[PDB]
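*Asks:* Here it is: the structure, laid out below.
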Amino acid sequence: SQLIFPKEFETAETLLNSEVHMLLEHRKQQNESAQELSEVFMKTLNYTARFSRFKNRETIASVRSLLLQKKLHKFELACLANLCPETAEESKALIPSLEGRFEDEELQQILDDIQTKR
Amino acid sequence: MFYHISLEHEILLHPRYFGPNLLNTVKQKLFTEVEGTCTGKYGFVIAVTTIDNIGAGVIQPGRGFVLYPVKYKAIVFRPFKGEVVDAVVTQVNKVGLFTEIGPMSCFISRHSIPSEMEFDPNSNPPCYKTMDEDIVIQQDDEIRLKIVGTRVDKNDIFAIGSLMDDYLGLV
Amino acid sequence: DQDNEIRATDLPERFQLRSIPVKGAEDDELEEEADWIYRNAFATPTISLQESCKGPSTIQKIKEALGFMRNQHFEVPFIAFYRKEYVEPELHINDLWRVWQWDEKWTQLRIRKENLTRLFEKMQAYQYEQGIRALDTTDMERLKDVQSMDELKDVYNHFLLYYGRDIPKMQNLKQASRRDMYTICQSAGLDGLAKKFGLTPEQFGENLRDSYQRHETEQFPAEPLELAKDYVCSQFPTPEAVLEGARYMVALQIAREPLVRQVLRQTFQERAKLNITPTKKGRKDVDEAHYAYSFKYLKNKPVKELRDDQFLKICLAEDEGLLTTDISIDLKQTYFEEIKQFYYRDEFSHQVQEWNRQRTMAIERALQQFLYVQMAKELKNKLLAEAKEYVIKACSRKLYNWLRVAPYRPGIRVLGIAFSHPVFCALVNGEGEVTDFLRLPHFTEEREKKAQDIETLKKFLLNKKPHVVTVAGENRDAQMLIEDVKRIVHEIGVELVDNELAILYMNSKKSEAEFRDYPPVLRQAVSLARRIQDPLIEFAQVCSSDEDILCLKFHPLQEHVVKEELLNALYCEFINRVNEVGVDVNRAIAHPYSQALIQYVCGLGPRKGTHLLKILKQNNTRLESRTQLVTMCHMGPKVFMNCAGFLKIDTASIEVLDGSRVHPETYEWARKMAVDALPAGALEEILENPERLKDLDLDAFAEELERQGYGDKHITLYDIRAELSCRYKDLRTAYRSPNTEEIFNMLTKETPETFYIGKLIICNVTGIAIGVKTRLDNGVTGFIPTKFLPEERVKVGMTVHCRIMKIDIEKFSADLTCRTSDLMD
């Protein structure tokens, strides 16, 4: 987290809980157009439909783009963009390794961009 | 949270499927064998996004089965320790809260909650309420939490959670 | 130790073991309890067709009843049997249990209203100290007016929608942002534009409850789009964006208006329909054997048209994954149309037309996106709870019937036969402590060793003298094993007593401690003898644990009802019957077989009973009088006043009244009753003879007790007269013998529904002695008729798909057809 626990996940792309939803529902509408789905996959789809804070693909693409120009660690682009802290303060109370990394000024601006995109 | 890591598998394909569509059978057996397996090295695997390449299929000497090495990109849920994650509470007990982070089932101890909140029996939404019902957590509540200890059973993976940080409450 | 606290205090034990703490009433809270409990539990049309096996004045009865339970802390038995005048005619003992149960619900409702009134108060204060939403006294009025816990959820949701986003209240750990974007629209201040719609939510709720335009739409002299420009911001650039945000606000404020949600709730309660479809798995797995066949498809089935437990089965199918169901108010003239007409202005100007279009589409979003979903889920929960209660009532009736059977009608000596093929047998004492054990391995040559077994049957019947022989119906083998003993009687009666409880006794670890060496079917025969001797004692003994009592089978679906409620219902049936019979404690102080009875006496329970028996083992004395109990056993006046009128004492061990259904507090009157049969001399005067039941002038004693004593003791005097007539007359129905249907059902282990005529079944053809004769796995005889008959066409030795044309319960006829013309349609 703050320091990373494994050695292999750091060079692995991190996904939001809304990229996952649009990828997982794509797999379904592939499947019934084509066997029955997994219990884990279906119930994870229900979980990520519960927390789909961006219902449209281009919104997720824009959110990922914005956080990409912000230049923060690839773990952090998914423990913010789907945690949607509302106050820069909320956000940092959340990421013990984000305080000190970024100044306070851009925090409200980026966070308000996330709550705008929902 | 949900990663996208390339990983490996070895499909032992039986000689029945040596027809014109053996590669499709490799793909189908990858989808059948991989999805749902809660490996502790690589977390939960939810869906196989794509199959990079179906490798050279080595015929096993004396066994008939062909071992196919498959590289594949799959959606992966590995919730690292010290993470703040959005659960969905499924049931309430005296010992704490049993929640569902998605694929993972999670636990919150009776002292892993803020101490201001207490169990409420004899209500068919059995719940942990405060004394003035400022925040009450019944079934199906999108509570944030902090996963502090992740432990592996090699059949399913469960992590434990707490709620002593700012905002770690109902949404 | 909480065990010590329970053992010490003078409350009824189940009062102390209640989740809610017990507290008194002030005759105003008590009247509110009575009226609310009556309206919510005794006169309320169940949505489902609930049949079973009262009146407005019951409120007073409930009133009176509640008084006891809350004030003098009288448990339900002590109220039910003695203070009958205050509750009877209407309040049966089961209705008193229902009053108790709904009291624990009313207490919870007041607790939640109390805290929430408190909260609204603090919030109102915060508001004052502080476009604007006012905590008027109407809010506190509805909060006090709350009657159900469903309304109390509406009021809470209403309060959370507007004033919820106020954490600094506890200031005088922050709130997580709510998922609805209504918070965002309120940050952007669209609520004012939401106000610019004609009606406020409350006025539309009044329109709904009155079904006409009691309030009038307030048109705004402009175009909605032109107001939209005033509000467009970064959050909502387009005027259509602010339009839709305002529509969403109007929808969410209509949804969380308690008047609107209440009226729509009532509409669902009256006019709602259940439509079922099968999933693909349910399009395959559903067959005629599956319980889903009767409803695999359904359309426009009103929720009020359902039956005993249909909805429980429907939800079971939906949980498995077979069915996709939906409860909707409109048919498949929609109820929205009334909503639209109430929220409508008829002015034909383009401005008013556009404002009305916005209003009606916003209220469409309110009705579909918010209200249908929540109210359908709530109605589903209510129907499921109704079905679970039905199942629990069915299990209660099963336990009632099994417990409503008298001991014996020839200390009774009984031999029990329990065939598994090693058959065993055990002989029961006059008090239950087994005398001996014996083995009679009857098997079907060796058809002469079975005659030898019959011979030793006769010899042991000549040696030991049992008044009844009992055979455990376990297979169809006992359908003729009764023949294998009944003629041996000629060299005393035979009864076929079922053995499922005996099977539990076999697997009972407690019984294994009782019988370490006795083989399984031998302990089963023991328990069969104990049951036929007295069912209640054995039921209390073996079913003293949750798993033990639950491992019996009262209903097929009993695994799908709330376990705690089922335990409570079965335990209250146990308590009912135990207190009706009474408990002779000094017998149980030596025989452990009866000990499990004592806990089911009112006031007393699982703790006070063990403490009492251990204390008597400290004195190592016999309880000859209940005065001895109160003095030596040092039992408080309340627990004594509860459990005295039911703890039997054997008089042949000294107030004889201790062996009667006469409470100590009412001893004196009883004496006076015997005095008017002309005390110490009268101890035997009516005991010896019911010389003149017309000697006692009932009305005169009743009016005298009204004038100088305590009034309305009429039925009490009648009870004392009937009790002095016969002491502890058991009212359990005299033990009959199983009818053909009962015998059929036990031996076949199958039910009239599972004996479905039309059922495609498995079968086994053994031998033909005319038509084809087969046997089921149950062992019954299935006759394939000659009319449907050739050896080659139907061979011998294998199994074949077959349909049950005709059945019989005394012949064990299971007639087949096997013709493929029948296997379809």
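Residues are referred to by chain and number: the chain letter is A, B, ... according to the order shown in the structure tokens, the number counts from 1 in that chain, and ligands are numbered separately from 1 in the order shown.
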With chain C as the partner and 12 Å as the cut-off, tabulate the residues of chain A that qualify, each row holding the nearest pair of atoms and their distance in Å to one decimal, using only C-alpha atoms, sorted by chain and rising number, as a tab-separated table.
*Replies:*
residue	atom	partner	partner_atom	distance
A:32	CA	C:280	CA	11.0
A:35	CA	C:281	CA	10.9
A:36	CA	C:281	CA	9.5
A:39	CA	C:321	CA	11.8
A:50	CA	C:179	CA	9.7
A:51	CA	C:179	CA	8.5
A:52	CA	C:179	CA	9.8
A:53	CA	C:179	CA	8.1
A:54	CA	C:179	CA	11.4
A:82	CA	C:179	CA	11.9
A:83	CA	C:176	CA	9.9
A:84	CA	C:177	CA	8.3
A:85	CA	C:177	CA	8.0
A:86	CA	C:177	CA	7.2
A:87	CA	C:177	CA	10.2
A:89	CA	C:174	CA	10.7
A:90	CA	C:174	CA	8.4
A:91	CA	C:176	CA	11.3
A:93	CA	C:173	CA	9.9
A:94	CA	C:173	CA	11.4
A:112	CA	C:235	CA	10.0
A:113	CA	C:235	CA	9.9
A:114	CA	C:235	CA	11.5
A:115	CA	C:184	CA	8.4
A:116	CA	C:235	CA	6.3
A:117	CA	C:235	CA	8.9
A:118	CA	C:181	CA	8.3
*Asks:* Save the residues we just selected, N, CA and C atoms, as an mmCIF file, in the first residue's frame?
*Replies:*
data_model
loop_
_atom_site.group_PDB
_atom_site.id
_atom_site.type_symbol
_atom_site.label_atom_id
_atom_site.label_comp_id
_atom_site.auth_asym_id
_atom_site.auth_seq_id
_atom_site.Cartn_x
_atom_site.Cartn_y
_atom_site.Cartn_z
ATOM 1 N N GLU A 32 -24.218 -14.772 -23.248
ATOM 2 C CA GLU A 32 -25.558 -15.213 -23.641
ATOM 3 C C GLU A 32 -25.848 -15.003 -25.122
ATOM 4 N N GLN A 35 -23.293 -23.055 -21.642
ATOM 5 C CA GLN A 35 -22.468 -22.767 -20.474
ATOM 6 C C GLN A 35 -23.071 -21.642 -19.640
ATOM 7 N N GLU A 36 -22.719 -21.610 -18.357
ATOM 8 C CA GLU A 36 -23.209 -20.601 -17.431
ATOM 9 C C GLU A 36 -22.023 -19.943 -16.746
ATOM 10 N N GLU A 39 -19.961 -18.031 -10.376
ATOM 11 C CA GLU A 39 -20.583 -17.360 -9.240
ATOM 12 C C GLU A 39 -19.759 -16.150 -8.812
ATOM 13 N N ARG A 50 -22.956 -2.068 -8.172
ATOM 14 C CA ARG A 50 -23.374 -1.318 -6.997
ATOM 15 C C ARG A 50 -22.584 -0.022 -6.868
ATOM 16 N N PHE A 51 -21.291 -0.049 -7.204
ATOM 17 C CA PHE A 51 -20.397 1.087 -6.998
ATOM 18 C C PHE A 51 -19.913 1.702 -8.305
ATOM 19 N N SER A 52 -20.684 1.562 -9.379
ATOM 20 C CA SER A 52 -20.310 2.122 -10.675
ATOM 21 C C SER A 52 -20.559 3.623 -10.633
ATOM 22 N N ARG A 53 -19.573 4.371 -10.153
ATOM 23 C CA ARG A 53 -19.723 5.816 -10.050
ATOM 24 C C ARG A 53 -19.470 6.538 -11.367
ATOM 25 N N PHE A 54 -19.309 5.807 -12.471
ATOM 26 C CA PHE A 54 -19.225 6.397 -13.806
ATOM 27 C C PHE A 54 -19.911 5.431 -14.760
ATOM 28 N N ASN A 82 -12.284 5.887 -7.542
ATOM 29 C CA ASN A 82 -13.515 5.133 -7.265
ATOM 30 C C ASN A 82 -13.817 5.243 -5.781
ATOM 31 N N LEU A 83 -12.888 5.794 -5.017
ATOM 32 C CA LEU A 83 -13.225 6.035 -3.595
ATOM 33 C C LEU A 83 -13.894 7.409 -3.510
ATOM 34 N N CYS A 84 -13.690 8.256 -4.518
ATOM 35 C CA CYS A 84 -14.307 9.608 -4.569
ATOM 36 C C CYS A 84 -14.352 10.265 -3.193
ATOM 37 N N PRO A 85 -13.212 10.604 -2.579
ATOM 38 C CA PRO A 85 -13.150 11.428 -1.388
ATOM 39 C C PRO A 85 -13.771 12.735 -1.865
ATOM 40 N N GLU A 86 -14.302 13.541 -0.951
ATOM 41 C CA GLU A 86 -14.996 14.784 -1.365
ATOM 42 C C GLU A 86 -14.105 15.954 -0.978
ATOM 43 N N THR A 87 -13.349 15.768 0.092
ATOM 44 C CA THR A 87 -12.478 16.857 0.553
ATOM 45 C C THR A 87 -11.040 16.431 0.362
ATOM 46 N N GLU A 89 -9.050 16.819 2.081
ATOM 47 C CA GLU A 89 -8.723 16.275 3.414
ATOM 48 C C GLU A 89 -9.197 14.834 3.452
ATOM 49 N N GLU A 90 -10.413 14.592 2.994
ATOM 50 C CA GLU A 90 -10.958 13.218 3.016
ATOM 51 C C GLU A 90 -9.977 12.314 2.278
ATOM 52 N N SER A 91 -9.621 12.743 1.083
ATOM 53 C CA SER A 91 -8.741 11.921 0.232
ATOM 54 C C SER A 91 -7.446 11.558 0.944
ATOM 55 N N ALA A 93 -6.725 11.708 4.221
ATOM 56 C CA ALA A 93 -7.004 10.884 5.408
ATOM 57 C C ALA A 93 -7.049 9.447 4.909
ATOM 58 N N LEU A 94 -7.472 9.290 3.660
ATOM 59 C CA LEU A 94 -7.532 7.937 3.040
ATOM 60 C C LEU A 94 -6.177 7.380 2.565
ATOM 61 N N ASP A 112 -13.028 17.473 -7.183
ATOM 62 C CA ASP A 112 -14.235 18.034 -7.768
ATOM 63 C C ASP A 112 -14.402 17.616 -9.220
ATOM 64 N N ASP A 113 -13.299 17.376 -9.941
ATOM 65 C CA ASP A 113 -13.435 16.790 -11.274
ATOM 66 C C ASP A 113 -14.041 15.388 -11.210
ATOM 67 N N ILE A 114 -13.590 14.545 -10.264
ATOM 68 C CA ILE A 114 -14.241 13.232 -10.099
ATOM 69 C C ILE A 114 -15.724 13.376 -9.755
ATOM 70 N N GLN A 115 -16.071 14.199 -8.752
ATOM 71 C CA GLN A 115 -17.504 14.279 -8.435
ATOM 72 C C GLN A 115 -18.309 14.977 -9.529
ATOM 73 N N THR A 116 -17.655 15.742 -10.405
ATOM 74 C CA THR A 116 -18.327 16.255 -11.591
ATOM 75 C C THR A 116 -18.633 15.137 -12.580
ATOM 76 N N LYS A 117 -17.683 14.215 -12.784
ATOM 77 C CA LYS A 117 -17.848 13.208 -13.831
ATOM 78 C C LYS A 117 -18.911 12.159 -13.515
ATOM 79 N N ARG A 118 -19.327 12.017 -12.257
ATOM 80 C CA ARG A 118 -20.309 10.987 -11.902
ATOM 81 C C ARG A 118 -21.679 11.234 -12.524
#
*Asks:* Please return, as number ranges by chain, all residues of chain A lying within 8 Å of chain B when only C-alpha atoms are considered.
*Replies:* A: 1-2, 5, 9, 12-17, 20, 23-24, 27, 38-41, 43-44, 46-48, 78-79, 83, 90, 93-95
*Asks:* Could you build a table of the residues in chain B lying no more than 12 Å from chain C, giving for each the nearest pair of atoms and their separation in Å rounded to one decimal place, using only C-alpha atoms, ordered by chain and ascending residue number, as JSON lines?
*Replies:*
{"residue": "B:86", "atom": "CA", "partner": "C:176", "partner_atom": "CA", "distance": 10.8}
{"residue": "B:113", "atom": "CA", "partner": "C:173", "partner_atom": "CA", "distance": 11.9}
{"residue": "B:114", "atom": "CA", "partner": "C:173", "partner_atom": "CA", "distance": 9.7}
{"residue": "B:116", "atom": "CA", "partner": "C:173", "partner_atom": "CA", "distance": 11.8}
{"residue": "B:120", "atom": "CA", "partner": "C:19", "partner_atom": "CA", "distance": 10.0}
{"residue": "B:121", "atom": "CA", "partner": "C:19", "partner_atom": "CA", "distance": 7.4}
{"residue": "B:122", "atom": "CA", "partner": "C:19", "partner_atom": "CA", "distance": 7.1}
{"residue": "B:123", "atom": "CA", "partner": "C:108", "partner_atom": "CA", "distance": 7.5}
{"residue": "B:124", "atom": "CA", "partner": "C:149", "partner_atom": "CA", "distance": 10.3}
{"residue": "B:125", "atom": "CA", "partner": "C:149", "partner_atom": "CA", "distance": 11.0}
{"residue": "B:129", "atom": "CA", "partner": "C:112", "partner_atom": "CA", "distance": 11.0}
{"residue": "B:130", "atom": "CA", "partner": "C:115", "partner_atom": "CA", "distance": 10.5}
{"residue": "B:131", "atom": "CA", "partner": "C:115", "partner_atom": "CA", "distance": 8.3}
{"residue": "B:132", "atom": "CA", "partner": "C:115", "partner_atom": "CA", "distance": 6.2}
{"residue": "B:133", "atom": "CA", "partner": "C:115", "partner_atom": "CA", "distance": 7.4}
{"residue": "B:134", "atom": "CA", "partner": "C:170", "partner_atom": "CA", "distance": 8.2}
{"residue": "B:135", "atom": "CA", "partner": "C:175", "partner_atom": "CA", "distance": 9.0}
{"residue": "B:136", "atom": "CA", "partner": "C:156", "partner_atom": "CA", "distance": 11.5}
{"residue": "B:141", "atom": "CA", "partner": "C:178", "partner_atom": "CA", "distance": 11.0}
{"residue": "B:142", "atom": "CA", "partner": "C:179", "partner_atom": "CA", "distance": 9.0}
{"residue": "B:143", "atom": "CA", "partner": "C:176", "partner_atom": "CA", "distance": 8.4}
{"residue": "B:144", "atom": "CA", "partner": "C:176", "partner_atom": "CA", "distance": 8.2}
{"residue": "B:145", "atom": "CA", "partner": "C:176", "partner_atom": "CA", "distance": 11.3}
{"residue": "B:163", "atom": "CA", "partner": "C:173", "partner_atom": "CA", "distance": 9.3}
{"residue": "B:164", "atom": "CA", "partner": "C:173", "partner_atom": "CA", "distance": 8.1}
{"residue": "B:165", "atom": "CA", "partner": "C:173", "partner_atom": "CA", "distance": 6.6}
{"residue": "B:166", "atom": "CA", "partner": "C:173", "partner_atom": "CA", "distance": 4.1}
{"residue": "B:167", "atom": "CA", "partner": "C:174", "partner_atom": "CA", "distance": 4.4}
{"residue": "B:168", "atom": "CA", "partner": "C:173", "partner_atom": "CA", "distance": 6.5}
{"residue": "B:169", "atom": "CA", "partner": "C:176", "partner_atom": "CA", "distance": 6.3}
{"residue": "B:170", "atom": "CA", "partner": "C:176", "partner_atom": "CA", "distance": 6.1}
{"residue": "B:171", "atom": "CA", "partner": "C:176", "partner_atom": "CA", "distance": 4.6}
*Asks:* Quick one: DSSP strand (DSSP E or B) residues in segment 360-592 of chain C, as a count of residues only?
*Replies:* 28
*Asks:* For residue 249 of chain C, work out the shell of residues within 7 Å, counting only C-alpha atoms and skipping chain neighbours fewer than 5 positions away, then give it as JSON, numbers by chain.
*Replies:* {"C": [182, 191, 194]}
*Asks:* Please provide as a PyMOL selection string all residues within 8 Å of residue 570 of chain C, with the sequence filter that same-chain residues fewer than 4 positions apart are discarded (counting only C-alpha atoms).
*Replies:* chain C and resi 395-396+399+566+574
*Asks:* Print the selection's residues with C-alpha atoms to a file, as a PDB file, in the first residue's frame.
*Replies:*
ATOM      1  CA  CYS C 395     -45.191 -26.852  12.905  1.00  0.00           C
ATOM      2  CA  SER C 396     -46.874 -25.649  16.091  1.00  0.00           C
ATOM      3  CA  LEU C 399     -46.361 -30.427  17.982  1.00  0.00           C
ATOM      4  CA  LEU C 566     -39.753 -21.743  15.270  1.00  0.00           C
ATOM      5  CA  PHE C 574     -44.240 -27.369  25.294  1.00  0.00           C
TER       6      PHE C 574
END
*Asks:* Counting only C-alpha atoms, which residue out of A:25, A:8, A:76, A:19 sits closest to residue 97 of chain A?
*Replies:*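 Checking each candidate against residue 97 of chain A, we get A:76 as the closest.
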*Asks:* Just how far from atom CA of residue 272 of chain C is atom CA of residue 304 of chain C, in Å to one decimal?
*Replies:*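 Interatomic distance, atom CA of residue 304 of chain C to atom CA of residue 272 of chain C: 7.9 Å.
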*Asks:* If you measure from atom CA of residue 92 of chain C to atom CA of residue 585 of chain C, what distance in Å do you get, rounded to one decimal?
*Replies:*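 Atom CA of residue 585 of chain C lies 27.0 Å from atom CA of residue 92 of chain C.
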*Asks:* I need the residues of segment 32-89 of chain A that end up classed as alpha helix (DSSP H) by DSSP on the backbone, written out as a ChimeraX atom specification.
*Replies:* /A:39-50,57-70,88-89
*Asks:* Just C-alpha atoms for this one: save the residues we selected as a PDB file, in the first residue's frame.
*Replies:*
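Resulting contents of part-v5.pdb:
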ATOM      1  CA  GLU A  39     -20.583 -17.360  -9.240  1.00  0.00           C
ATOM      2  CA  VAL A  40     -17.547 -15.216  -8.377  1.00  0.00           C
ATOM      3  CA  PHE A  41     -17.731 -13.341 -11.687  1.00  0.00           C
ATOM      4  CA  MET A  42     -21.484 -12.701 -11.489  1.00  0.00           C
ATOM      5  CA  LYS A  43     -21.437 -11.591  -7.868  1.00  0.00           C
ATOM      6  CA  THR A  44     -18.386  -9.389  -8.490  1.00  0.00           C
ATOM      7  CA  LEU A  45     -20.357  -7.872 -11.367  1.00  0.00           C
ATOM      8  CA  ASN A  46     -23.185  -7.145  -8.932  1.00  0.00           C
ATOM      9  CA  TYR A  47     -20.672  -5.555  -6.532  1.00  0.00           C
ATOM     10  CA  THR A  48     -19.173  -3.350  -9.223  1.00  0.00           C
ATOM     11  CA  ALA A  49     -22.610  -2.416 -10.542  1.00  0.00           C
ATOM     12  CA  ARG A  50     -23.374  -1.318  -6.997  1.00  0.00           C
ATOM     13  CA  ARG A  57     -17.208   4.579 -20.845  1.00  0.00           C
ATOM     14  CA  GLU A  58     -15.909   7.964 -22.022  1.00  0.00           C
ATOM     15  CA  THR A  59     -16.358   9.329 -18.495  1.00  0.00           C
ATOM     16  CA  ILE A  60     -13.998   6.646 -17.153  1.00  0.00           C
ATOM     17  CA  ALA A  61     -11.567   7.350 -19.995  1.00  0.00           C
ATOM     18  CA  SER A  62     -11.600  11.065 -19.152  1.00  0.00           C
ATOM     19  CA  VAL A  63     -11.169  10.375 -15.413  1.00  0.00           C
ATOM     20  CA  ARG A  64      -8.196   8.105 -16.111  1.00  0.00           C
ATOM     21  CA  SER A  65      -6.806  10.750 -18.466  1.00  0.00           C
ATOM     22  CA  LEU A  66      -7.082  13.527 -15.847  1.00  0.00           C
ATOM     23  CA  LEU A  67      -5.443  11.440 -13.141  1.00  0.00           C
ATOM     24  CA  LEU A  68      -2.811  10.502 -15.749  1.00  0.00           C
ATOM     25  CA  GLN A  69      -1.803  14.117 -16.337  1.00  0.00           C
ATOM     26  CA  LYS A  70      -1.776  14.574 -12.561  1.00  0.00           C
ATOM     27  CA  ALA A  88      -8.810  16.930  -0.317  1.00  0.00           C
ATOM     28  CA  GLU A  89      -8.723  16.275   3.414  1.00  0.00           C
TER      29      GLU A  89
END
*Asks:* From the list C:57, C:186, C:325, C:351, which residue is nearest residue 226 of chain C when using only C-alpha atoms?
*Replies:* C:351
*Asks:* What is the atom CA of residue 792 of chain C to atom CA of residue 758 of chain C distance in Å?
*Replies:*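 Separating atom CA of residue 792 of chain C from atom CA of residue 758 of chain C is a distance of 25.6 Å.
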*Asks:* Could you build a table of the residues in segment 65-148 of chain B lying no more than 12 Å from segment 15-20 of chain B, giving for each the nearest pair of atoms and their separation in Å rounded to one decimal place, using only C-alpha atoms, ordered by chain and ascending residue number, as CSV?
*Replies:*
residue,atom,partner,partner_atom,distance
B:65,CA,B:15,CA,6.2
B:66,CA,B:15,CA,7.6
B:67,CA,B:15,CA,11.0
*Asks:* Would you mind exporting N, CA and C atoms of the selected residues as a PDB file, in the first residue's frame?
*Replies:*
ATOM      1  N   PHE B  65      -2.213 -36.785 -23.338  1.00  0.00           N
ATOM      2  CA  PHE B  65      -2.591 -35.393 -23.143  1.00  0.00           C
ATOM      3  C   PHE B  65      -1.537 -34.464 -23.725  1.00  0.00           C
ATOM      4  N   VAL B  66      -1.988 -33.340 -24.269  1.00  0.00           N
ATOM      5  CA  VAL B  66      -1.089 -32.318 -24.784  1.00  0.00           C
ATOM      6  C   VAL B  66      -1.125 -31.134 -23.832  1.00  0.00           C
ATOM      7  N   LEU B  67       0.044 -30.753 -23.331  1.00  0.00           N
ATOM      8  CA  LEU B  67       0.180 -29.609 -22.445  1.00  0.00           C
ATOM      9  C   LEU B  67       0.360 -28.356 -23.289  1.00  0.00           C
TER      10      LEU B  67
END
*Asks:* List the spatial neighbours of residue 584 of chain C as a list in words - criterion: any atom at most 10 Å away, only C-alpha atoms, same-chain residues fewer than 6 positions off excluded.
*Replies:*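 In the requested format, the answer is residues 594, 595, 597, 598, 623, 646, 647, 648, 649, 650 and 659 of chain C.
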